[PDB]
Every structure is written in structure tokens, then in C-alpha cells.
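**Q**
Protein chains in written order, with the numbering used here: chain A, 906 to 937; chain B, 100 to 194.
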């Protein structure tokens, strides 16, 4: 394919990973 | 992008316009012979449809019918008797 649907470009990939951290960060705080 | 992307003006969670924007990008990225009409016609499509969407946000998020006659009733004065009571107290102490 081509990366041009993604923009721009690697920090967009980090800001998907920041919700991957959230689903562990909100769910650890639930058992506390 | 600050407050929340569910409110976003373009729409990109709730709506599927951001992939139409990605298509808009693909066509206009490697166009050889650059023009001015091709640049400016799609500045309509990213704006007009998008521009009603923040409008149906702030009607039901902050009032658009309420607040702009109300803020004028305090400035342009649409409560005269309820402000005469002020002019009576304020005469005696704005000398």
C-alpha cells in the first residue's frame, strides 16, 4: 500500500498507543 | 483536539468523513500541473458540511437561542423596571 492515509505519521501511531495505555490505566484504577 | 474528539468539528469518530478527506488528499498530492481551481474547490467540501456539524453541537451544548438575546437584555437593556430599581439606588451613590 502507501502511507498517505496516515498523516503525519509516527506521532499518530503513538496517539493510538496512548489509548492502549488507557485501557490498562483505567482498569488498574478500577481494582484499587 | 483539546477537549474531545467526539465533539470534533470535522467529525472523525461518529462520522466517516475523515476517510473522504483521505481520498481528497490522495488525488491532490501528486497532481503535476498545479492549479488554483483544483486547490479551492475542495476547500468548500471540507468546510460547508463540516460547518453545520459544530453548529448542531453548540445549539445542544450551550444554547444559541437563549444566550444571545439574554446577554443583550443585560447590555442593550430588555429589563427596564428590574433595572429602574438599580438607577434609584445608584443615583444616591454615583455622585
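Backbone N, C-alpha and C define an ideal beta-carbon position, used for all residues, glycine too.
Name the two residues that bound the continuous alpha helix (DSSP H) containing residue 161/B.
**A** Numbered from 1 along the second chain, position 62 holds the residue referred to as residue 161/B. From DSSP, the alpha helix (DSSP H) with residue 161/B extends over 154-161.
**Q** With a cut-off of 9 Å, does the C-beta of residue 917/A fall near any C-beta of chain B?
**A** Taking the first residue of the first chain as 1, we reach residue 917/A at position 12. No, its Cβ sits nowhere closer than 9 Å to a Cβ of chain B.
**Q** Please work out which residues of its chain come closer than 8 Å, Cβ to Cβ, to residue 164/B, disregarding the five sequence neighbours upstream and downstream, and give them in chain order.
**A** Position 65 of the second chain, counted from the first residue, corresponds to residue 164/B. Cβ within range, chain order: 158.
**Q** Can you list, in chain order, the residues of its chain with a C-beta nearer than 8 Å to that of residue 148/B? Leave out the 5 residues immediately preceding and following it.
**A** To locate residue 148/B, count along the second chain from 1; it is residue 49. 116.
**Q** Output, in chain order, the set of chain A residues within a Cβ distance shorter than 7 Å of residue 125/B.
**A** Within the second chain, the letter at position 26 stands for residue 125/B. Within 7 Å Cβ-Cβ: 909.
**Q** Cβ atoms of residue 105/B and residue 86/B: under 9 Å apart, would you say?
**A** Lying before the first or after the last residue shown, residue 86/B is absent from chain B, which here runs from 100 to 194.
**Q** Cβ atoms of residue 129/B and residue 137/B: under 9 Å apart, would you say?
**A** Numbered from 1 along the second chain, position 38 holds the residue referred to as residue 137/B. Numbered from 1 along the second chain, position 30 holds the residue referred to as residue 129/B. Result no, Cβ atoms of residue 137/B and residue 129/B do not sit closer than 9 Å.
**Q** Spatial neighbours of residue 917/A within its chain, please: CB distance less than 7 Å, with the 5 preceding and 5 following residues excluded, ordered by chain position.
**A** Position 12 of the first chain, counted from the first residue, corresponds to residue 917/A. Taken in chain order, the residues that qualify are 911.
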